[PDB]
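1. model this:
(2 chains, ligands or ions: 2)
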Amino acid sequence: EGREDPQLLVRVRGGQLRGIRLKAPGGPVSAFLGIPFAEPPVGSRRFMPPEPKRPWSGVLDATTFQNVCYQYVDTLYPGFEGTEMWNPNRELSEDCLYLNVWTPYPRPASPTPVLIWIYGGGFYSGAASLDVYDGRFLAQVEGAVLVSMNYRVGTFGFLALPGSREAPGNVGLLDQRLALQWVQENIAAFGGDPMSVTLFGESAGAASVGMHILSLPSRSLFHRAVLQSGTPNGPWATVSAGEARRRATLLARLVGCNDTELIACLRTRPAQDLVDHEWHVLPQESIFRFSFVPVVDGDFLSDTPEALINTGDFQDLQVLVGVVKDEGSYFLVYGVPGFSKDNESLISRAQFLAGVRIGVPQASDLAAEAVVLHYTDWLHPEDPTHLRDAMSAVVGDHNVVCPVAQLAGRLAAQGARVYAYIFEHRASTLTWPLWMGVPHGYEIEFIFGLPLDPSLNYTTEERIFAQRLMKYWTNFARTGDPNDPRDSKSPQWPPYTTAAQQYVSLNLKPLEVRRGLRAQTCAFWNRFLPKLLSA
Amino acid sequence: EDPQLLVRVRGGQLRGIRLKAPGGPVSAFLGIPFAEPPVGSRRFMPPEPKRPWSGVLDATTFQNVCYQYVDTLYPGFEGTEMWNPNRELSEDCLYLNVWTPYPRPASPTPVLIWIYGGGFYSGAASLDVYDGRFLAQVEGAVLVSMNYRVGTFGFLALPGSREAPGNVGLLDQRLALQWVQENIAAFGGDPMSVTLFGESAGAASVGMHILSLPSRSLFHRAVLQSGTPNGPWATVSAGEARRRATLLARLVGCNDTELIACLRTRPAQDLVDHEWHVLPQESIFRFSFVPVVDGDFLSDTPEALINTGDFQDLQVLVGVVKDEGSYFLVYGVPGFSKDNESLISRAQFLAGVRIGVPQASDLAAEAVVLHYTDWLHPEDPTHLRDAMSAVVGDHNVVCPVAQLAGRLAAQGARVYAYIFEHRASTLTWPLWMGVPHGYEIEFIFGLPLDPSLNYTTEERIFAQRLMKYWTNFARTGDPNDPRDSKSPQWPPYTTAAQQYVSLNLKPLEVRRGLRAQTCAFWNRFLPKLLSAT
Ligand SMILES: O/N=C/c1cccc[n+]1CCCCCCC[n+]1ccccc1/C=N/O
Ligand SMILES: O/N=C/c1cccc[n+]1CCCCCCC[n+]1ccccc1/C=N/O
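-> Numbering: from 1, shown residues only, chains lettered A, B, ... in the order given. Ligands and ions are numbered 1, 2, ... in the order given. Next up is the structure itself:
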């Protein structure tokens, strides 16, 4: 080895790694980036569960992010930061089963609570290498060991011919699980405490985190979970075995393809091809629906997440869950007619009713009418600003907020310690229009402490706010309690309970406790709407 | 023989009585017959005009209350008693009362015709709360009120039959209205300015006159307090009236002619004994014999008629009370009583909803329950009780009022809406019922002006406000004082703004949206949910 920095040389089960000393505002961090945790899921291994990475010889260079899993690249607004920031920042490859570790520099003397990030991207995109997921700040400032993994998204991660051997489904979850296993086995080499592993993830990452809560083999792999603006339950996070079967076969047809023959044919298809066609398998014109998502395979998910959260026992579990003020807004611009990032997206009543069909694609006419009935401000049913916002709300509520309420409820009710938040601070640097409020994904950069980077132009209040949030998150990672055990002058973040339904606002202001997470409306989505589908 | 108390009406001479109202005399002409007593073969039959009489008809005491069920739920309780018959029950009850100022107006003064409520099963124009002396005295109103047949006698219909064609209680009303047209001038009342007002079934009745062409020429303005021709209780279909009439007949031991003929042979209390027993479900705020959509008096359902009606030159004042629904809960909704605080369980709430929305399928009932649960405190009994109140008032009054308000406004009516939020200090019902329906009536009628009644002085001032609104409305079609300013003004209810005022001790506050969200649920969604089960 010779002349390299002794702190960047770590051994893991698969061999030797050279990480990189990264600058964070407050000092250096060790980053080990692109550590393989799986055999490349290429060729015959596409759609297949991940196989653990075979040891390598010599010192693996872990100084750069590895490939991003093959995925649809958003080109709605080319060159626009608001979309770009989420797009692959590394080469797209199916050989993308890599993970990243950030640790204090020098690496912590004593075992440090590990935060594992699981990115979102609706299960068709994402990458642990995105700037918003930069673990350097949590590592430097909070002394956290932060792990993020790439997991296969899209067909590659989720195309399922349920029952088959060649495409069992949920393999992207299995990638994730494999990275969790990797952390259990290897994190101590970094000063990470495998006995204090907190999964956190946003959106599909949050759904993913929830699936891990819901899937035994994952349960031993982490101790606490943060679910940001996503849940395993809800209308998008999973598909039935039947529907996954439907979509896999359809995608097969779309690309020119007994499961084995079909999958074999899919495995001959070049990655871009699967990507090019994956959008085209969705049953309706929808937003917040993704083609290849966790399949309720009876295996990874032994039953629907709804069933599993309704009957699961979560004694041991501390969960931090929450939402942004405007979960729906982001989605509207991706094909709800009338919505745009470039204008105030004031919509008509017709455009609202139309958006409701798209936003609640599984809704019957009655259901959709209920939604419209429920979200219409009957004092100004025609008011386009209201309609625009209720459209946001419908989509936000239906996909995130109410799933999260449902999740926080069922979890609390079944033993888990649940801390619920709503994140309400619109980043000063947001490039999405004002009307979009705090769209989802836009708390991430705060949790991750990007605002601490002076070069990023965040306000001072945001830097402080990020520090608070990192404190909450890492306090939660350390203890199962977001609350600063030191400073008790600060207002307390009370558990969320079915009885009290307490959750906190996360904004520039001190923690304000609020009760009932959109309680009225979520009763509509979580209790009433299902029944409206039983008839 | 006070000459002020002598009136020649079309059917002959009447002697009223001089009554004292706190600020002066009023001429009261009480018990004027406007119809042949609808007795014997005339039971269930359209009222015939009262034949002329000889000499001087003593119109100094209230006449008989139409034969009706007397409420025995809380015997001796002012809260229930004040609605009970305060005169002999008789089928011979087709009498109206006229209060005028004393001396009687020099010039044609606007007429208020009060139509009492009582679910179409009860009421009397003679109840102390319908005392017309105040409005007569303070406001120079010629106040008219009629008895109309309630229960089987007014509303037992075998639709299409010649001898129980239904809506006769309404025809009774229509006849009193015609009587006013023909006769009110003789009292100094202005037949060209007749404002119908009524509360609850009386409001529904006013509503029905609005919706019935023959009635339209008999009044110019309408005030529907806490009731509407539309909504779940004010009407039944022909088939349902037929069903209940034939069921009632079965229950009393009885081809239309023969069935009706048999029913006609039955003592009045026998019909009333079995009146209750014909409701299709265990309900509250549902009444056995109510106006029937007959394609005659009501050419279509009130729903249909308010949707399509043309109301250009109509002024309507509608409103509700804060707690439209509370009163009704004690009458069959388990867990509710005027005595305890009626803190109900969730279970009792769910059960109460099937009773309160008796027409609700399971799903619809769940929708109601889901809607009215405060999911933040889903089992809190105060909330559930209040929600049960709300469920009932909304389903039954507030939302039908909102629907009517909106449909009338849209269809060109001039509409003023109110919510009445002042609980009478003298209210014998418990606090949790807040302002139950009916309990604005005493205020509108001016009862707090009678110092003997123990209303606070604020209530007297308020009743004076209320009487001004009602009579201004009577006078002008606009409840606003063309004397006052910045008061604020009571704005018309419109479908756009949805402005309505709070009638309470505090000055008018304009509000927007008469339970708009919840009424959208009741008026827009519930129907879809039922018309798809
Ligand atoms: O695989 N799908 C390809 C495709 C093709 C044609 C049109 C649409 N799609 C889906 C992309 C949906 C975009 C949904 C939102 C994208 N997004 C990315 C990162 C962070 C946030 C978001 C949006 N949140 O609302
Ligand atoms: O027609 N027979 C009816 C009957 C017979 C035997 C037992 C019970 N009932 C119904 C009771 C009245 C319905 C409740 C309305 C009571 N009420 C009367 C006057 C003024 C107001 C009210 C209550 N409003 O909520």
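2. so how far is residue B:500 from residue A:357?
-> Between residue A:357 and residue B:500 the computed distance is 34 Å (CB to CB, to the nearest Å). Heads up, the C-betas are built off the backbone N, CA and C, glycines and all.
3. wait, I meant residue A:24
-> Look at residue A:24 and residue B:500: by CB to CB, they are 60 Å apart.
4. pick out whichever of the two has more residues nearby.
-> Between residue A:24 and residue B:500, counted using other CB atoms under 10 Å in any protein chain shown, residue B:500 has the larger neighbour count: 28 against 22.
5. touching, that one and residue B:511? I think so.
-> Yes. Applying CB atoms under 8 Å, one finds residue B:500 in contact with residue B:511, separated by 5.8 Å.
6. identify the contacts common to these two.
-> residue B:419 (CB atoms under 8 Å, 6 or more residues apart in numbering or on different chains).
7. can you give me the helices in the stretch 51-200 of chain A?
-> Along the stretch 51-200 of chain A, counting by DSSP state H, counting those that start in this stretch, helices occupy A:81-84, A:136-142, A:154-158, A:171-186.
8. which other residues reach the first one?
-> If I follow you right, that is helix A:81-84. A:74-77, A:341, A:430-432.
9. what distance separates it from the centre of its chain?
-> In terms of CA atoms, centre = their mean, to the nearest Å, the centre of helix A:81-84 is found 17 Å from the chain centre.
10. do that helix and ligand 1 meet?
-> No. Against ligand 1, helix A:81-84 shows no contacts by CB under 6 Å from any ligand atom, the least distance being 6.7 Å.
11. mind exporting that helix as CSV, just the C-alpha atoms?
-> The C-alpha coordinates for helix A:81-84 follow below in CSV (Å, rounded to 0.1, in the frame of the first residue of the first chain):
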residue,chain,number,x,y,z
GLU,A,81,-32.1,21.8,-11.7
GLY,A,82,-35.3,20.7,-10.0
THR,A,83,-35.4,17.6,-12.2
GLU,A,84,-31.7,17.2,-12.9
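12. got the residue ranges for the strands in the stretch 301-450 of chain A?
-> Counting by DSSP state E, counting those that start in this stretch, the stretch 301-450 of chain A has strands at residues A:318-324, A:417-423.
13. could I get those strands as JSON lines with distance to ligand 2?
-> Shown next, in JSON lines, are those (distance: least, CB to the nearest ligand atom, whole Å):
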{"stretch": "strand A:318-324", "distance to ligand 2": "43"}
{"stretch": "strand A:417-423", "distance to ligand 2": "42"}
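14. and these: which comes nearest chain B?
-> strand A:417-423 (13.5 Å; CB to the nearest CB).
15. just list the residues touching the one residue in the stretch 101-250 of chain A that gets nearest to ligand 1, thanks.
-> Relative to ligand 1, the nearest point of the stretch 101-250 of chain A is residue A:124 (4.3 Å; CB to the nearest ligand atom). Shown in contact with residue A:124 (CB under 8 Å, 6+ apart): A:71-72, A:153-154, A:278, A:290-292.
16. of all these, which comes closest to chain B?
-> Nearest to chain B among the contacts of residue A:124: residue A:290, at 29.1 Å, using CB to the nearest CB.
17. show me the contacts for the spatially closest residue to that closest one that is not a sequence neighbour.
-> Nearest residue to residue A:290, sequence neighbours excluded (CB to CB, 6 or more residues apart in numbering or on different chains): residue A:122, at 4.1 Å. Contacts for residue A:122 (CB under 8 Å, 6+ apart) come out as A:203-204, A:236, A:288, A:290, A:293.
18. what is the end-to-end distance of stretch A:275-283?
-> Start-to-end span of stretch A:275-283 (CA to CA, to the nearest Å) is 17 Å.
19. for residue A:239, what are phi and psi?
-> Reported as degrees, to the nearest 10, the phi and psi values for residue A:239 are phi -130, psi 160.
20. that one against residue A:301, yeah?
-> No. With contact defined as CB under 8 Å, residue A:239 and residue A:301 do not form a contacting pair (10.5 Å).
21. check contacts around the residue positioned nearest the centre of chain A.
-> Centre of chain A computed as the mean C-alpha position; nearest residue by CA atoms, centre = their mean is residue A:205, 2.1 Å away. The contact partners of residue A:205, taken as CB under 8 Å, 6+ apart, are A:117-121, A:126, A:228, A:230.
22. please list all residues in contact with the residue in the stretch 301-450 of chain A positioned nearest to ligand 1.
-> Relative to ligand 1, the nearest point of the stretch 301-450 of chain A is residue A:330 (2.9 Å; CB to the nearest ligand atom). Applying CB under 8 Å, 6+ apart to residue A:330 gives the contacts A:432, A:436, A:439-441.
23. ok, 7 Å please
-> The contact partners of residue A:330, taken as CB atoms under 7 Å, 6 or more residues apart in numbering or on different chains, are A:436, A:439-441.
24. most widely separated two among these?
-> Using CB to CB, the contacts of residue A:330 span at most 11.0 Å, a distance reached by A:436 and A:441.
25. for the nearest residue to residue A:116 once chain neighbours are set aside, list each beta-bridge partner.
-> Once flanking residues are discounted, residue A:116 sits nearest to residue A:147: 4.5 Å by CB to CB, 6+ apart. With DSSP bridges applied, residue A:147 shows beta-bridge pairing to residue A:101, residue A:116.
26. correct me if wrong: residue A:147 contacts residue A:99.
-> Yes. Contact criterion CB atoms under 7 Å: residue A:147 and residue A:99 qualify, at 6.0 Å.
27. find the closest residue to ligand 2 in chain A.
-> Closest residue of chain A to ligand 2, CB to the nearest ligand atom: residue A:378 (26.8 Å).
28. which stretches of the stretch 201-350 of chain A form helices?
-> All helices of the stretch 201-350 of chain A, identified by DSSP H, counting those that start in this stretch, fall at A:204-213, A:216-219, A:241-255, A:259-268, A:271-278, A:305-311, A:329-332, A:349-359.
29. residue contacts, residue A:507?
-> A:424-425.
30. just the ones of the contacts of residue A:124 in strands?
-> Per DSSP state E, strands hold no members of these.
31. ok, these vs ligand 1, which is closest?
-> Nearest to ligand 1 among those: residue A:72, at 3.5 Å, using CB to the nearest ligand atom.
32. just give the closest residue to residue A:222, not the sequence neighbours.
-> Leaving out its chain neighbours, the residue that sits closest to residue A:222 by CB to CB, 6+ apart is residue A:197, at 4.2 Å.
33. next one: residue A:73
-> Nearest residue to residue A:73, sequence neighbours excluded (CB to CB, 6+ apart): residue A:87, at 5.4 Å.
34. now swap in residue A:8 and tell me
-> Nearest to residue A:8 is residue A:19, by CB to CB, 6+ apart, at 4.5 Å.
35. test my guess that the one you found contacts residue A:29.
-> No. Between residue A:19 and residue A:29 there is no contact under CB under 7 Å: 9.4 Å.
36. what parts of the stretch 351-500 of chain A come near ligand 1?
-> Residues of the stretch 351-500 of chain A found near ligand 1 (CB under 6 Å from any ligand atom) are residue A:441.
37. return the residues of the stretch 351-500 of chain A in contact with chain B.
-> Residues of the stretch 351-500 of chain A that fall close to chain B, judged by CB under 7 Å from any CB of the partner chain: A:366, A:369-370, A:373, A:376, A:378-379.
38. in helices, which of the residues you listed appear?
-> Among those, DSSP state H puts A:366, A:369-370, A:373 in helices.
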